[PDB]
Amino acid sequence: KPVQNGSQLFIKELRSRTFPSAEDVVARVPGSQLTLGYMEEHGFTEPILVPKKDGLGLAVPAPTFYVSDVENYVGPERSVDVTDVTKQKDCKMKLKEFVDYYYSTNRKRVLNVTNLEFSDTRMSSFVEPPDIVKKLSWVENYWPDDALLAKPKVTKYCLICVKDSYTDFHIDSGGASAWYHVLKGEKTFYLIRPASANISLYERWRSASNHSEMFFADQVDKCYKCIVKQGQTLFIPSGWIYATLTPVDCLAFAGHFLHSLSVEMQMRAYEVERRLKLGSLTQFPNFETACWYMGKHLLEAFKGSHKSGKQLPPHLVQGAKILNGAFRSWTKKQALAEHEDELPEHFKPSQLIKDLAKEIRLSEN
């Protein structure tokens, strides 16, 4: 007799379990200290909690902004993805109907909205991602405004979760990093380090037919518990395997981004999700396109280095090597035309690869 993940009993069982504190792993940092220099010094390999939004350059509405306000600014008629936590099955419904449920007393069901991207709505102007995210983000820096392919629509999510909701262990799509801001309520994260063997266990667990009957954290050494409270912001690094529990009704904002400190992990995660073939619904759209733009940027940086007389930093050269490898796999004979759909206009992949390979050789000397 197995326990279904996200069921009433599961939650009761999970609430009772003791986990190691995120204390020893999650750094608490004031917003003004979260700079590019800080990220480079530490490598953004561990999650970071910023207890107050001051200095982050994050814009969000006041905590007097309610789910009812979300309905108004997003649009009552908007189709949204709703997860039935007690079944771990998703469905579609008008936001109006979810909001109706949310304000119901005697909720029979445990339902959440965790995929509402609002950048195309009136609510978009009320939220601006942290400055550090804009500084790190490959799309923000390298995807041109006049591009014929649409930017990955992953920059502004509104998360609405009722008390006792649960999101099972996962790695976010594209191995993207995340910022996560709790506006009202609190959100508990269960964090697992993306050590290589953990990643492999994760892939095997997730590919198993009975994954919903198995608590993944049982298979790893350390799963850290991190409570994120009202007004706090959590930055989750590339590749981290995590689940969440919602202790009280919670409203949160989040966004996802790729960056130059985790090229290797981004590719490893992308490779895993492609073998899993999930149709994630939360997929990082045009991950490959963002990588092509990064690759073009790196080539320009290499060429520029000859005029500046200053070498690119080692992690960028290593990043270039990893990207060039991916570029080769995506354009191989058998490498499909699913891959060609993600190539930006005006790209000559075989020429880019050859030019990057040469610049890398020159740089290494």
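Rigid core (definition): largest C-alpha set, two forms, superposition within 1.5 Å. Sequential numbering from 1, following the sequence displayed.
Chemist: If you line up the core and then measure how far each C-alpha sits from this form in 5 other deposited structures of this protein, which stretch comes out higher, 280 to 288 or 246 to 254?
Modeler: Per-stretch check in 5 other deposited structures of this protein: the more divergent one is 280 to 288.
Chemist: Give, as the answer, the stretch of 21 to 29 and 8 to 16 that departs more from the shown form in 5 other deposited structures of this protein; the measure is RMS Cα distance after a core fit.
Modeler: Clearly, after the core fit, the stretch farther away in 5 other deposited structures of this protein is 8 to 16.
Chemist: Looking only at CA atoms, which has the higher mean B factor in the entry: 112 to 120 or 256 to 264?
Modeler: Comparing 112 to 120 with 256 to 264, the higher average CA B-factor belongs to 112 to 120.
Chemist: I need to verify one thing: averaged over C-alpha atoms only, is the B-factor higher for 76 to 84 or for 290 to 298?
Modeler: That would be 76 to 84.
Chemist: Could you tell me which one of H315, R328, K321, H306 shows the highest CA temperature factor in the PDB record?
Modeler: Result of the comparison over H315, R328, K321, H306: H306.
Chemist: Name the one of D164, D168, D221, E273 with the greatest CA B-factor according to the PDB entry.
Modeler: Within the set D164, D168, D221, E273, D164 shows the top C-alpha B-factor.
Chemist: If you rank the chain by CA B-factor, which third does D131 end up in: lowest, middle or highest?
Modeler: For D131, the deposited C-alpha B-factor lands in the middle third.
Chemist: Please place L343 in the lowest, middle or highest third of its chain by C-alpha B factor as given in the entry.
Modeler: According to the entry, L343 has a C-alpha B-factor in the chain's lowest third.
Chemist: By the record's CA B-factor, is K184 among the lowest, middle or highest third of residues in the chain?
Modeler: Middle third, going by the recorded CA B-factors of the chain.
Chemist: Using the temperature factors of the C-alpha atoms in this entry, rank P30 within its chain: lowest, middle or highest third.
Modeler: Within its chain, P30 is a middle-third residue by C-alpha B-factor, going by the deposited values.
Chemist: Place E40 in the lowest, middle or highest third of its chain's C-alpha B-factors, as listed in the PDB entry.
Modeler: As the PDB entry reports it, the C-alpha B-factor of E40 lands in the middle third of its chain.
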